[PDB]
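Each value in this text was obtained by applying a stated rule to the coordinates, not by laboratory testing. As a convention, Cβ positions derive from the backbone with ideal geometry for all residues, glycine included, and neighbour counts pool all protein chains shown.
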Amino acid sequence: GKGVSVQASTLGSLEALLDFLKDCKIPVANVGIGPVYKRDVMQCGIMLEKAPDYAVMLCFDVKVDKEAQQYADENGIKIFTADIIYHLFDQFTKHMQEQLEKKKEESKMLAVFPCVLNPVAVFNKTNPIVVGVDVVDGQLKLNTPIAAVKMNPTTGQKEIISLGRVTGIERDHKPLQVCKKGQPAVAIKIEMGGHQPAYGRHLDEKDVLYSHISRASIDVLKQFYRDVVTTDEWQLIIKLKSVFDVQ
Ligand SMILES: [Cl-]
C-alpha cells in the first residue's frame, strides 16, 4: 500500500505515534528507529513515485543527518520534525492542504463556475469588451470564460462565440471578487489574447451570455470542487451542457 514514512527515538514512542496515526487515518508505508539517514529518505522516495503527497517523513524527537536532509532537499522529499506528536500531525495536515491548493492552481483555468448574464448596457465594444450585466442565474467569478450562443437565421446552425475571460468586476466603481445571482447589475471586463469579438458586429447587446463550460471543466469541478458547488449550480451546469452540446 501507499503511505508516509515515520521515525521515532524509541520503540515505545514509535508505537504511540503509530497508534495516533491509526486514529488519524494516516497510512504508514514504513518505519524506522534512531537518527534519519539517506537510506530512509530513499525509502520515502520510493513512495514519491506512487504518491507525491505521501512522500514525506514524520520524525519525532530524532536527529536528522545532514546528508539525509540534503538528499531530501535535492529530491523534494519533505521531512517533518517535532518535539511533540500533535505538532507532527499538524505539520502533515498543513502539508496535505498546501498540496491540495497547488493541485487546484494547475486546474485554475479549467474550473469554471456556471452563470448566465443578461447585458444591461455596453461601455466598450471590444479590446476590451466591457459590459454592464446582471447575473440572472448561477454565480459570476473572475477569470471565467464567457461565451455567447446564437444561431444565424440563414444558417440555422448554432454558433458559439467565445468573448474571452473576465479580468475585472465592478459596481459603482467598487471592485468585486464575484457576483451572485439576483444581485444588482455590475460592469465586467472581458479580454483575450489576439483578436476579440466585437459588439454591434459579432454579437449584440440582446444576446444572453453564458459561462463557457467544457467537459474538462465539469470533470475539474467534480474533482476538486464538489464541496463548494451548490445544488442549483449543478442544475445550471446540466442545463448548460445542452446549450454547449457537451457529451
Ligand atoms: Cl474553453
Which one of 13, 214, 162 has the biggest mean-square fluctuation once the chain is modelled by GNM with Cα springs under 10 Å?
13
Among the Cα-Cα pairs of the stretch 8-155, the proportion with separation greater than 19 Å, in percent, is 66
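Report, in cubic angstrom per residue, the convex hull volume of the C-alpha atoms of the stretch 1-75.
Details: hull volume 5.7 nm³, N = 75.
That works out to 76 Å³ per residue.
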Whole-angstrom gap from the stretch 159-208 to the stretch 1-57, using each part's C-alpha centre
51
In degrees, nearest 10, range 0 to 90: what is the angle between the Cα axis of helix 231-243 and the longest Cα principal axis of the chain?
60
J(HN,Hα) series, the stretch 61-70, from Karplus relation 6.51 cos²θ - 1.76 cosθ + 1.60, nearest Hz, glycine and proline x
6, 9, 5, 10, 4, 4, 5, 4, 4, 5
Could you work out which residue, out of 153, 114, 175, moves most in a Gaussian network model of the chain, that is, has the largest mean-square fluctuation with Cα springs under 10 Å?
153
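For the chain, what is the calculated [θ] at 222 nm in deg cm²/dmol (nearest 500), taking -39500 (n - 2.57) for each run of four or more DSSP H residues and dividing by its residue count? The partial results should precede the final answer.
Numbers: 6 runs with 80 residues, N = 247.
Theoretical 222 nm ellipticity from helices: -10500 deg cm²/dmol.
Using DSSP to define loop residues, name the trypsin sites (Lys or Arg not before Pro) in the stretch 140-247 whose beta-carbon has at most 15 other beta-carbon atoms within 10 Å.
Values: sites: 141, 150, 158, 165, 171, 180, 181, 189, 201, 206, 215, 222, 226, 239, 241; in loops: 181, 201, 206, 226.
Hits after loop and neighbour filter: 201, 206, 226.
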Could you work out how far apart the two model spin labels at residue 96 and residue 201 are, taking each label as a point 7 Å from the Cα in the direction of the beta carbon, and quote it in nm?
5.3
Too-long pairs where the Cα-Cα distance tops 28 Å, listed order kept, from 125/222; 94/181; 2/104; 63/108:
125/222; 94/181; 63/108
Using 7 Å Cα-to-Cβ label points, what is the residue 208/residue 2 separation (nm, one decimal)?
4.2
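Write out the trypsin sites (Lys or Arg not before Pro) in the stretch 53-119 meeting two conditions: DSSP loop, and at most 15 other Cβ atoms within 10 Å of their Cβ. All intermediate terms of the calculation are to be shown ahead of the outcome.
On the way: sites: 63, 66, 78, 94, 102, 103, 104, 108; in loops: 63, 108.
For trypsin sites (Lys or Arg not before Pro) across the stretch 53-119 that sit outside H, G, I, E and B with at most 15 neighbouring Cβ atoms in 10 Å, the list reads 63, 108.
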Residues with amide H under 5 Å from that of residue 183, placed H, sequence gap 5 or more
135
Whole angstrom only: what separates the Cα centroid of the stretch 75-120 from the Cα centroid of the stretch 222-247?
22
Shape verdict for the stretch 75-233, please, from the Cα gyration tensor: rounded (a/c under 1.5), prolate (a/b greater than b/c) or oblate.
prolate
Between residue 178 and residue 157, what FRET efficiency follows from the Cβ-Cβ distance if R0 is 30 Å, with the result rounded to 0.05?
0.30
Residues in the stretch 38-66 reached by a label modelled at residue 75 [backbone nitrogen below 11 Å; 7 Å Cα→Cβ]:
38-49
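Express the relative contact order of the stretch 1-108 as a whole percentage, based on alpha carbon pairs under 8 Å and six or more residues apart in sequence. Could the numbers behind the result be given before it?
Numbers: 161 pairs, mean separation 29.3, N = 108.
The value is 27 percent.
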Diffing the stretch 33-39: the Karplus 3J(HN,Hα) column from phi (6.51, -1.76, 1.60, θ = phi - 60°), in whole Hz with x for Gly and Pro, holds 10, x, x, 7, 10, 4, 4
For the chain, give the magnitude of the charge dipole about the Cα centre (Cβ charges: +1 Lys/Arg, -1 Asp/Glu; no others), in debye to the nearest 20.
760
Residues whose built amide H sits under 5 Å from the amide H of residue 82, excluding neighbours closer than 5 in sequence, are 59, 61, 62
Enumerate the amide H contacts of residue 163 below 5 Å, restricted to partners 5 or more residues apart or on another chain; note that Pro and chain-start residues carry no placed amide H.
146, 147, 148
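Just the number, please: percent antiparallel of the DSSP beta bridges in the chain, rounded to the nearest 5.
The antiparallel fraction comes to roughly 70 percent.
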